[PDB]
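Q: Next up, data22.tsv (TSV, N, CA and C atoms).
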chain	number	residue	atom	x	y	z
Y	509	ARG	N	121.05	77.93	76.51
Y	509	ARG	CA	119.71	78.46	76.29
Y	509	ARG	C	119.42	79.49	77.36
Y	510	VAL	N	118.96	80.67	76.94
Y	510	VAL	CA	118.75	81.81	77.82
Y	510	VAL	C	117.31	82.27	77.66
Y	511	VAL	N	116.63	82.46	78.79
Y	511	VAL	CA	115.33	83.11	78.85
Y	511	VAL	C	115.42	84.27	79.83
Y	512	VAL	N	114.98	85.44	79.38
Y	512	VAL	CA	114.98	86.66	80.18
Y	512	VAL	C	113.53	87.01	80.45
Y	513	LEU	N	113.09	86.84	81.69
Y	513	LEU	CA	111.75	87.26	82.08
Y	513	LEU	C	111.77	88.73	82.46
Y	514	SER	N	110.79	89.48	81.96
Y	514	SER	CA	110.66	90.91	82.25
Y	514	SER	C	109.25	91.19	82.74
Y	515	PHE	N	109.15	91.90	83.85
Y	515	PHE	CA	107.87	92.22	84.47
Y	515	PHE	C	108.06	93.47	85.33
Y	516	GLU	N	106.94	94.03	85.77
Y	516	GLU	CA	106.95	95.10	86.76
Y	516	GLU	C	106.02	94.71	87.90
Y	517	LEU	N	106.20	95.38	89.04
Y	517	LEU	CA	105.59	94.96	90.30
Y	517	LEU	C	104.88	96.12	90.97
Y	518	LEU	N	103.69	95.84	91.49
Y	518	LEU	CA	102.99	96.73	92.42
Y	518	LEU	C	102.74	98.11	91.81
Y	519	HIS	N	102.38	98.13	90.52
Y	519	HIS	CA	102.07	99.38	89.83
Y	519	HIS	C	100.84	99.30	88.94
Y	520	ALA	N	100.30	98.13	88.65
Y	520	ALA	CA	99.21	97.99	87.69
Y	520	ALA	C	98.47	96.70	88.01
Y	521	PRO	N	97.35	96.43	87.33
Y	521	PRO	CA	96.66	95.15	87.54
Y	521	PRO	C	97.55	93.98	87.18
Y	522	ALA	N	97.41	92.89	87.94
Y	522	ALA	CA	98.26	91.72	87.82
Y	522	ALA	C	97.42	90.49	87.48
Y	523	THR	N	97.90	89.71	86.52
Y	523	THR	CA	97.29	88.45	86.13
Y	523	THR	C	98.15	87.24	86.47
Y	524	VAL	N	99.47	87.39	86.50
Y	524	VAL	CA	100.38	86.34	86.94
Y	524	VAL	C	100.59	86.50	88.44
Y	525	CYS	N	100.40	85.41	89.19
Y	525	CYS	CA	100.46	85.44	90.64
Y	525	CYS	C	101.26	84.25	91.14
Y	526	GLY	N	101.82	84.41	92.34
Y	526	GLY	CA	102.55	83.34	92.98
Y	526	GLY	C	101.62	82.30	93.57
Y	527	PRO	N	102.21	81.19	94.05
Y	527	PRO	CA	101.42	80.07	94.55
Y	527	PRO	C	101.04	80.21	96.03
Y	528	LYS	N	100.49	81.37	96.40
Y	528	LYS	CA	100.05	81.63	97.76
Y	528	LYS	C	98.55	81.44	97.86
Y	529	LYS	N	98.12	80.76	98.92
Y	529	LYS	CA	96.70	80.54	99.15
Y	529	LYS	C	96.08	81.79	99.76
Y	530	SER	N	94.95	82.23	99.19
Y	530	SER	CA	94.28	83.42	99.67
Y	530	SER	C	93.65	83.15	101.03
Y	531	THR	N	93.01	84.17	101.59
Y	531	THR	CA	92.37	84.07	102.89
Y	531	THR	C	91.15	84.99	102.91
Y	532	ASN	N	90.15	84.60	103.71
Y	532	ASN	CA	88.95	85.42	103.84
Y	532	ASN	C	89.29	86.77	104.44
Y	533	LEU	N	88.68	87.82	103.90
Y	533	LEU	CA	89.01	89.18	104.30
Y	533	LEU	C	88.55	89.44	105.73
Y	534	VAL	N	89.40	90.13	106.49
Y	534	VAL	CA	89.10	90.56	107.85
Y	534	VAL	C	89.27	92.07	107.90
Y	535	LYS	N	88.19	92.78	108.23
Y	535	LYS	CA	88.15	94.24	108.21
Y	535	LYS	C	88.06	94.78	109.63
Y	536	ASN	N	88.52	96.03	109.78
Y	536	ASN	CA	88.46	96.75	111.05
Y	536	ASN	C	89.25	96.03	112.14
Y	537	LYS	N	90.55	95.87	111.88
Y	537	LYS	CA	91.48	95.29	112.84
Y	537	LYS	C	92.89	95.49	112.30
Y	538	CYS	N	93.86	95.55	113.21
Y	538	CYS	CA	95.25	95.73	112.80
Y	538	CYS	C	95.78	94.43	112.21
Y	539	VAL	N	95.57	94.23	110.91
Y	539	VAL	CA	95.93	93.00	110.22
Y	539	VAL	C	97.05	93.29	109.24
Y	540	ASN	N	97.86	92.27	108.97
Y	540	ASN	CA	98.89	92.32	107.94
Y	540	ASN	C	98.30	91.79	106.64
Y	541	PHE	N	98.08	92.67	105.68
Y	541	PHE	CA	97.43	92.31	104.43
Y	541	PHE	C	98.47	92.07	103.33
Y	542	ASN	N	98.01	91.45	102.25
Y	542	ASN	CA	98.86	91.20	101.08
Y	542	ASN	C	97.94	91.19	99.87
Y	543	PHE	N	97.86	92.32	99.17
Y	543	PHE	CA	96.99	92.50	98.01
Y	543	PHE	C	97.86	92.49	96.76
Y	544	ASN	N	97.82	91.38	96.02
Y	544	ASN	CA	98.58	91.23	94.78
Y	544	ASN	C	100.07	91.47	95.02
Y	545	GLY	N	100.56	91.01	96.17
Y	545	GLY	CA	101.96	91.12	96.51
Y	545	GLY	C	102.33	92.33	97.33
Y	546	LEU	N	101.46	93.33	97.43
Y	546	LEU	CA	101.74	94.52	98.24
Y	546	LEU	C	101.45	94.18	99.69
Y	547	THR	N	102.51	93.96	100.47
Y	547	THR	CA	102.36	93.62	101.88
Y	547	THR	C	102.11	94.91	102.66
Y	548	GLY	N	102.18	94.81	103.98
Y	548	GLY	CA	102.00	95.94	104.87
Y	548	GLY	C	101.12	95.55	106.03
Y	549	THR	N	100.54	96.56	106.67
Y	549	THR	CA	99.62	96.34	107.77
Y	549	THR	C	98.76	97.59	107.92
Y	550	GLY	N	97.64	97.43	108.61
Y	550	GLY	CA	96.73	98.55	108.83
Y	550	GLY	C	95.32	98.06	109.10
Y	551	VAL	N	94.36	98.89	108.70
Y	551	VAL	CA	92.94	98.64	108.93
Y	551	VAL	C	92.22	98.87	107.61
Y	552	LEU	N	91.46	97.87	107.18
Y	552	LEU	CA	90.71	97.92	105.93
Y	552	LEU	C	89.32	98.48	106.16
Y	553	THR	N	88.78	99.13	105.13
Y	553	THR	CA	87.40	99.59	105.17
Y	553	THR	C	86.92	99.78	103.74
Y	554	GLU	N	85.60	99.92	103.59
Y	554	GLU	CA	84.99	100.16	102.29
Y	554	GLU	C	84.83	101.65	102.04
Y	555	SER	N	84.71	102.00	100.77
Y	555	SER	CA	84.49	103.38	100.35
Y	555	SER	C	84.10	103.37	98.88
Y	556	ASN	N	83.93	104.57	98.32
Y	556	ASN	CA	83.57	104.77	96.92
Y	556	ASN	C	84.65	105.60	96.21
Y	557	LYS	N	85.36	104.95	95.29
Y	557	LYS	CA	86.37	105.60	94.47
Y	557	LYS	C	86.23	105.11	93.04
Y	558	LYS	N	86.40	106.01	92.08
Y	558	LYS	CA	86.30	105.68	90.66
Y	558	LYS	C	87.68	105.24	90.18
O	713	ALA	N	103.90	177.93	116.68
O	713	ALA	CA	102.57	177.45	116.34
O	713	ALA	C	102.03	176.65	117.52
O	714	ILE	N	100.91	177.09	118.07
O	714	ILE	CA	100.29	176.49	119.25
O	714	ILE	C	98.97	175.87	118.81
O	715	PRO	N	98.68	174.61	119.16
O	715	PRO	CA	97.35	174.07	118.82
O	715	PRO	C	96.24	174.80	119.57
O	716	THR	N	95.08	174.88	118.92
O	716	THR	CA	93.88	175.48	119.49
O	716	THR	C	92.73	174.49	119.59
O	717	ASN	N	92.97	173.21	119.34
O	717	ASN	CA	91.95	172.18	119.39
O	717	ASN	C	92.67	170.84	119.44
O	718	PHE	N	91.90	169.75	119.45
O	718	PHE	CA	92.50	168.43	119.52
O	718	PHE	C	91.54	167.40	118.95
O	719	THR	N	92.08	166.22	118.68
O	719	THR	CA	91.32	165.05	118.27
O	719	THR	C	91.74	163.86	119.12
O	720	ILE	N	90.78	162.99	119.41
O	720	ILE	CA	91.00	161.80	120.21
O	720	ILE	C	91.03	160.63	119.23
O	721	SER	N	92.23	160.22	118.83
O	721	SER	CA	92.41	159.20	117.81
O	721	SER	C	92.59	157.83	118.44
O	722	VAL	N	91.84	156.85	117.96
O	722	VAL	CA	91.92	155.47	118.44
O	722	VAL	C	92.60	154.65	117.35
O	723	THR	N	93.77	154.11	117.66
O	723	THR	CA	94.58	153.33	116.74
O	723	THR	C	94.57	151.87	117.16
O	724	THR	N	94.42	150.98	116.19
O	724	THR	CA	94.39	149.54	116.43
O	724	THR	C	95.72	148.94	115.99
O	725	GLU	N	96.38	148.21	116.89
O	725	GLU	CA	97.56	147.44	116.53
O	725	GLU	C	97.44	146.01	117.02
O	726	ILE	N	97.83	145.07	116.17
O	726	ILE	CA	97.69	143.64	116.42
O	726	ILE	C	99.08	143.06	116.66
O	727	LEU	N	99.18	142.17	117.65
O	727	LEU	CA	100.45	141.53	118.00
O	727	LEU	C	100.20	140.03	118.16
O	728	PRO	N	100.89	139.16	117.41
O	728	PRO	CA	100.78	137.73	117.69
O	728	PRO	C	101.41	137.38	119.03
O	729	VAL	N	100.68	136.60	119.83
O	729	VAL	CA	101.10	136.25	121.17
O	729	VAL	C	101.58	134.81	121.26
O	730	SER	N	101.01	133.90	120.48
O	730	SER	CA	101.36	132.50	120.53
O	730	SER	C	101.17	131.91	119.14
O	731	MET	N	101.60	130.67	118.98
O	731	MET	CA	101.36	129.91	117.76
O	731	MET	C	100.85	128.53	118.14
O	732	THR	N	100.38	127.79	117.15
O	732	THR	CA	99.77	126.49	117.40
O	732	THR	C	100.79	125.53	117.99
O	733	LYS	N	100.49	125.03	119.19
O	733	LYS	CA	101.30	123.97	119.77
O	733	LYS	C	101.19	122.72	118.90
O	734	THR	N	102.31	122.01	118.75
O	734	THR	CA	102.36	120.84	117.90
O	734	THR	C	103.20	119.76	118.56
O	735	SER	N	102.87	118.51	118.25
O	735	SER	CA	103.62	117.35	118.71
O	735	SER	C	103.80	116.41	117.53
O	736	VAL	N	104.90	115.66	117.56
O	736	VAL	CA	105.28	114.77	116.47
O	736	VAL	C	105.63	113.41	117.05
O	737	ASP	N	105.17	112.36	116.39
O	737	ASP	CA	105.49	110.98	116.73
O	737	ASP	C	106.49	110.46	115.70
O	738	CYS	N	107.74	110.25	116.13
O	738	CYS	CA	108.74	109.69	115.23
O	738	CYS	C	108.30	108.36	114.65
O	739	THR	N	107.81	107.46	115.50
O	739	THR	CA	107.62	106.08	115.08
O	739	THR	C	106.61	105.99	113.94
O	740	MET	N	105.47	106.66	114.08
O	740	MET	CA	104.42	106.54	113.08
O	740	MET	C	104.59	107.53	111.93
O	741	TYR	N	105.50	108.51	112.05
O	741	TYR	CA	105.84	109.34	110.90
O	741	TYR	C	106.88	108.66	110.02
O	742	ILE	N	108.00	108.25	110.61
O	742	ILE	CA	109.08	107.64	109.83
O	742	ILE	C	108.71	106.23	109.42
O	743	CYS	N	108.49	105.37	110.41
O	743	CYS	CA	108.21	103.95	110.22
O	743	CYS	C	106.73	103.71	110.48
O	744	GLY	N	105.90	104.02	109.48
O	744	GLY	CA	104.47	104.23	109.64
O	744	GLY	C	103.73	103.29	110.57
O	745	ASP	N	103.62	102.02	110.18
O	745	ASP	CA	103.07	101.01	111.08
O	745	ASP	C	103.76	99.66	110.95
O	746	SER	N	104.97	99.61	110.39
O	746	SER	CA	105.70	98.37	110.18
O	746	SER	C	106.67	98.14	111.32
O	747	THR	N	106.69	96.91	111.85
O	747	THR	CA	107.62	96.58	112.93
O	747	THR	C	109.05	96.48	112.43
O	748	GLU	N	109.25	96.02	111.19
O	748	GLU	CA	110.60	95.87	110.66
O	748	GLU	C	111.33	97.20	110.62
O	749	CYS	N	110.64	98.25	110.19
O	749	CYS	CA	111.25	99.58	110.17
O	749	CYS	C	111.46	100.11	111.58
O	750	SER	N	110.47	99.93	112.46
O	750	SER	CA	110.56	100.50	113.80
O	750	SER	C	111.70	99.87	114.59
O	751	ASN	N	112.02	98.60	114.33
O	751	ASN	CA	113.18	98.00	114.98
O	751	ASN	C	114.46	98.72	114.58
O	752	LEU	N	114.59	99.07	113.29
O	752	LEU	CA	115.75	99.80	112.82
O	752	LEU	C	115.82	101.22	113.38
O	753	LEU	N	114.70	101.76	113.86
O	753	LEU	CA	114.65	103.12	114.37
O	753	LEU	C	115.08	103.21	115.84
O	754	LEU	N	115.26	102.08	116.53
O	754	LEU	CA	115.65	102.13	117.93
O	754	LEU	C	117.03	102.76	118.11
O	755	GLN	N	117.97	102.42	117.23
O	755	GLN	CA	119.32	102.97	117.36
O	755	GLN	C	119.36	104.48	117.18
O	756	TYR	N	118.36	105.06	116.51
O	756	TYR	CA	118.24	106.50	116.36
O	756	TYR	C	117.33	107.13	117.41
O	757	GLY	N	116.93	106.36	118.43
O	757	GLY	CA	115.96	106.85	119.40
O	757	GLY	C	116.40	108.14	120.07
O	758	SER	N	117.69	108.24	120.38
O	758	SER	CA	118.25	109.45	120.98
O	758	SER	C	117.85	110.69	120.20
O	759	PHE	N	117.95	110.62	118.87
O	759	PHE	CA	117.60	111.76	118.03
O	759	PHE	C	116.17	112.21	118.30
O	760	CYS	N	115.23	111.27	118.37
O	760	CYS	CA	113.86	111.63	118.69
O	760	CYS	C	113.73	112.17	120.11
O	761	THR	N	114.49	111.62	121.06
O	761	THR	CA	114.48	112.19	122.40
O	761	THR	C	114.93	113.65	122.37
O	762	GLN	N	115.75	114.02	121.38
O	762	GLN	CA	116.03	115.43	121.15
O	762	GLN	C	114.81	116.13	120.57
Translate this structure into structure tokens?

A:
Amino acid sequence: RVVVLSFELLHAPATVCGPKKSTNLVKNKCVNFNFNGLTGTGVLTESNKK
Amino acid sequence: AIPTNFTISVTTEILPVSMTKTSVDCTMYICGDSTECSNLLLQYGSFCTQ
């Protein structure tokens, strides 16, 4: 019996997620973030984009 | 043919003397803010010292 899962990553809105517990957002600091699997580091802030 | 008068001509010529001084940071250009990449960049440090 064969099942082939097909998906794409870090390009569009995501509904299937891994079993990672979220965390309260921390802004204005050199933090390592993980938004829907997109890791990295930097400084978060708010803005207005359509 | 001998001149019998004259004109006092003022000519403008422009010469570039300098250009914008610039500096480059290897670490934050190549390996933006990730430590994993910057560790790999140590072995190429000599190149940046150039």

Q: Please, which residues in chain Y fall within 7 Å of chain O when counting all atoms listed in the file, and what is the closest atom pair and distance in Å to one decimal for each, ordered by chain then residue number, as a tab-separated table?

A:
residue	atom	partner	partner_atom	distance
Y:548	C	O:746	CA	6.8
Y:549	CA	O:745	C	6.2
Y:550	N	O:745	C	6.9

Q: Need the neighbours of (107.0, 86.1, 88.1): which residues are at most 9 Å away, counting only C-alpha atoms, as a short mmCIF file (atom, residue, chain, number, x, y, z; two decimals) with N, CA and C atoms, keeping the file's coordinate frame?

A:
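Below you can see selection.cif, which holds the result:
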data_model
loop_
_atom_site.label_atom_id
_atom_site.label_comp_id
_atom_site.auth_asym_id
_atom_site.auth_seq_id
_atom_site.Cartn_x
_atom_site.Cartn_y
_atom_site.Cartn_z
N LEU Y 513 113.09 86.84 81.69
CA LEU Y 513 111.75 87.26 82.08
C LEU Y 513 111.77 88.73 82.46
N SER Y 514 110.79 89.48 81.96
CA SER Y 514 110.66 90.91 82.25
C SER Y 514 109.25 91.19 82.74
N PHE Y 515 109.15 91.90 83.85
CA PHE Y 515 107.87 92.22 84.47
C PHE Y 515 108.06 93.47 85.33
N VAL Y 524 99.47 87.39 86.50
CA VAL Y 524 100.38 86.34 86.94
C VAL Y 524 100.59 86.50 88.44
N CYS Y 525 100.40 85.41 89.19
CA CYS Y 525 100.46 85.44 90.64
C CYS Y 525 101.26 84.25 91.14
N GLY Y 526 101.82 84.41 92.34
CA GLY Y 526 102.55 83.34 92.98
C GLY Y 526 101.62 82.30 93.57
#

Q: Pick from Y:536, Y:555, Y:530, Y:544: nearest to residue 517 in chain Y, with all atoms listed in the file counted?

A: Y:544

Q: Using all atoms listed in the file, find the one residue out of Y:557, Y:511, Y:519, Y:552 that sits nearest to residue 535 in chain Y.

A: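 Of the candidates, the smallest distance to residue 535 in chain Y is held by Y:552.
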
Q: DSSP on the backbone, then: every residue of chain O marked helix (DSSP H, G or I), written as a ChimeraX atom specification.

A: /O:738-742,747-752,754-761

Q: What is the atom C of residue 751 in chain O-atom N of residue 543 in chain Y distance in Å, reported with one decimal?

A: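 Spanning atom C of residue 751 in chain O to atom N of residue 543 in chain Y is a straight-line distance of 23.5 Å.
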
Q: Between CA of residue 520 in chain Y and CA of residue 558 in chain Y, what distance in Å does the model show, to one decimal?

A: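 Spanning CA of residue 520 in chain Y to CA of residue 558 in chain Y is a straight-line distance of 15.3 Å.
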
Q: Just the number, please: distance in Å from CA of residue 553 in chain Y to CA of residue 533 in chain Y, one decimal.

A: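 Separation of CA of residue 553 in chain Y and CA of residue 533 in chain Y: 10.6 Å.
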
Q: Could you tell me which of O:726, O:713, O:736, O:731 comes closest to residue 760 in chain O if we count only C-alpha atoms?

A: O:736

Q: What would range 520-538 of chain Y look like with N, CA, C and O atoms restored, written as a compact mmCIF listing (two decimals), keeping the file's coordinate frame?

A:
# COMPACT_ATOMS: atom_id res chain seq x y z
N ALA Y 520 100.30 98.13 88.65
CA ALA Y 520 99.21 97.99 87.69
C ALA Y 520 98.47 96.70 88.01
O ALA Y 520 98.89 95.93 88.89
N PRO Y 521 97.35 96.43 87.33
CA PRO Y 521 96.66 95.15 87.54
C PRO Y 521 97.55 93.98 87.18
O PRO Y 521 98.35 94.05 86.25
N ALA Y 522 97.41 92.89 87.94
CA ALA Y 522 98.26 91.72 87.82
C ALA Y 522 97.42 90.49 87.48
O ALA Y 522 96.37 90.27 88.09
N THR Y 523 97.90 89.71 86.52
CA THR Y 523 97.29 88.45 86.13
C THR Y 523 98.15 87.24 86.47
O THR Y 523 97.60 86.16 86.72
N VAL Y 524 99.47 87.39 86.50
CA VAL Y 524 100.38 86.34 86.94
C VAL Y 524 100.59 86.50 88.44
O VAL Y 524 100.93 87.59 88.92
N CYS Y 525 100.40 85.41 89.19
CA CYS Y 525 100.46 85.44 90.64
C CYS Y 525 101.26 84.25 91.14
O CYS Y 525 101.38 83.22 90.47
N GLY Y 526 101.82 84.41 92.34
CA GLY Y 526 102.55 83.34 92.98
C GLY Y 526 101.62 82.30 93.57
O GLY Y 526 100.40 82.46 93.61
N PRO Y 527 102.21 81.19 94.05
CA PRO Y 527 101.42 80.07 94.55
C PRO Y 527 101.04 80.21 96.03
O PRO Y 527 101.24 79.30 96.84
N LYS Y 528 100.49 81.37 96.40
CA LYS Y 528 100.05 81.63 97.76
C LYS Y 528 98.55 81.44 97.86
O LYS Y 528 97.79 81.90 97.00
N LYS Y 529 98.12 80.76 98.92
CA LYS Y 529 96.70 80.54 99.15
C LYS Y 529 96.08 81.79 99.76
O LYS Y 529 96.60 82.35 100.72
N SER Y 530 94.95 82.23 99.19
CA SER Y 530 94.28 83.42 99.67
C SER Y 530 93.65 83.15 101.03
O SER Y 530 93.73 82.05 101.59
N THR Y 531 93.01 84.17 101.59
CA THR Y 531 92.37 84.07 102.89
C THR Y 531 91.15 84.99 102.91
O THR Y 531 91.12 86.01 102.23
N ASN Y 532 90.15 84.60 103.71
CA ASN Y 532 88.95 85.42 103.84
C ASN Y 532 89.29 86.77 104.44
O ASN Y 532 90.10 86.88 105.37
N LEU Y 533 88.68 87.82 103.90
CA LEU Y 533 89.01 89.18 104.30
C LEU Y 533 88.55 89.44 105.73
O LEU Y 533 87.46 89.03 106.14
N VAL Y 534 89.40 90.13 106.49
CA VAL Y 534 89.10 90.56 107.85
C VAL Y 534 89.27 92.07 107.90
O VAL Y 534 90.37 92.59 107.65
N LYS Y 535 88.19 92.78 108.23
CA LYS Y 535 88.15 94.24 108.21
C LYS Y 535 88.06 94.78 109.63
O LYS Y 535 87.59 94.12 110.55
N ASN Y 536 88.52 96.03 109.78
CA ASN Y 536 88.46 96.75 111.05
C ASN Y 536 89.25 96.03 112.14
O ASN Y 536 88.72 95.62 113.17
N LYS Y 537 90.55 95.87 111.88
CA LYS Y 537 91.48 95.29 112.84
C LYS Y 537 92.89 95.49 112.30
O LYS Y 537 93.09 95.59 111.09
N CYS Y 538 93.86 95.55 113.21
CA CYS Y 538 95.25 95.73 112.80
C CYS Y 538 95.78 94.43 112.21
O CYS Y 538 96.38 93.61 112.93
